[PDB]
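# A look at the structure
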Amino acid sequence: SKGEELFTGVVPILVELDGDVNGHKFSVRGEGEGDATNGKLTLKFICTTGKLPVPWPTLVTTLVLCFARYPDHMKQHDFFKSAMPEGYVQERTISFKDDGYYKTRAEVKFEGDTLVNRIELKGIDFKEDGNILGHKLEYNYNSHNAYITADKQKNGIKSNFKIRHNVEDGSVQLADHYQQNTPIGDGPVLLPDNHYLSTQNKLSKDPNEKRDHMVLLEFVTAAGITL
């Protein structure tokens, strides 16, 4: 795709999320950079409204799959770059087992030289003293594979995958994601054969940052189609 030409080196990233979880209003700003050469993303996120009222790990998937590394023989299956620079909408429902759910609508697109992910997030039905509102999730992240399929009737892709969030008592909090993506522009996009993305996330803290924040290192690699 011509969009892939925008990704041959490191690109600056801006993430803006406004959220409303059980009426708790909050915002997150992230900045950093991504390189689809190696699938590497490095960002720092700040809760700009105070303490984040949900656990940082639960927002990772919401807070830029155009930076996934597609191997050469898979490049004709990279929907995400093919939609650039005009971008795509990424929508999810994320259901937390035995708890509430998030609904997210995001636009991922270039604004000048910067790849911007702007998200509106709504959470409802979260339980008082549950793992989300009660911040009972460990600050860490299990590596995961998520399968991508074409959605030809919407000129886009879809994906359903689970995140395992470790709870501090040794239990696991599942987060079941249903995802859809559709191009913003009317130009041609690549509709992929079935494949998956493999993702690792390292969550850390900036020792000099006093605000509630998350330092994230993410790798995303496409796989599942062979020579």
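Residues numbered from 1 in each chain as written, not as in the entry; some residues may be left out. Heavy atoms only, no water. Residues with missing side-chain atoms left out of burial classes, pairs and counts.

Per the deposition metadata, X-ray crystallography was the technique used to determine this entry, at a resolution of 1.2000 Å.

### Remarks on the side chain of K109
Within the secondary structure layout, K109 lies in strand β5 (residues 101–111). Classification of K109 by relative accessible area gives buried; the value is 19%. One polar contact links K109 to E107, side chain to side chain, over a distance of 2.8 Å. Once residues lying within four places of it in the same chain are set aside, the contact partners of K109 are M84, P85, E86, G87, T114, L115, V116 and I184. (Helix = DSSP H or I, 4+ residues; strand = E, 2+ residues; numbered from the N terminus. Buried < 20%, exposed > 50% of the residue type's maximum accessible area, 1.4 Å probe, protein only. Polar contact = N/O pair within 3.5 Å; in protein donor to acceptor, adjacent residues only side chain to side chain. Contact = heavy atoms within 4.5 Å.)

### Details of the environment of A146
Within the secondary structure, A146 sits in strand β7 (residues 144–151). Remark: the alpha-carbon pair of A146 and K162, spanning 16 residues in sequence, is separated by 7.7 Å.

### Topic: the pairing of strand β11 (residues 213–223)
Here seven bridges tie strand β3 (residues 40–47) to β11, and the two strands are oriented antiparallel to one another. Paired with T42 across the two strands is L217, which belongs to β11. (Pairing = 2+ DSSP bridges.)

### Quick look at the packing of aromatic side chains
Taken as a whole and assessed by the stated rule, the structure comprises nine aromatic pairs. Arranged with centres 5.3 Å apart and planes meeting at 50 degrees, the rings of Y102 and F126 form a pair that is tilted. Of the two residues, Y102 sits in strand β5 while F126 sits in the loop between β6 (114–124) and β7, which places them 24 residues apart along the sequence. Residues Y102 and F126 agree in their burial class; the two are buried. The structure contains a cluster of three or more aromatic residues connected by ring pairs, namely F7, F67 and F110. The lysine or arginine in question, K81, covers the ring of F7, its NZ or CZ lying 5.6 Å from the ring centre. (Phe/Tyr/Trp six-rings, centres within 6.5 Å; stacked < 30°, edge-to-face > 60°. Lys NZ or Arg CZ within 6 Å of the ring centre and 35° of its normal.)

### A word on the sheet that holds strand β8 (residues 156–166)
Paired through backbone hydrogen bonds, the strands of a sheet run either parallel or antiparallel to each other. Spatially, the 11 strands close up into a barrel ordered β1-β2-β3-β11-β10-β7-β8-β9-β4-β5-β6, and their pairing is mixed. Across this sheet, the average inter-strand angle for adjacent strands is 20 degrees, counted without regard to direction. Sheet topology places strand β1 (residues 11–21) next to β6; nine bridges connect them, and they run parallel. Following the sheet pairing, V21 is matched in β6 by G123. (Axes fitted to C-alpha atoms, helices over the stretch in contact; angles between N-to-C directions.)

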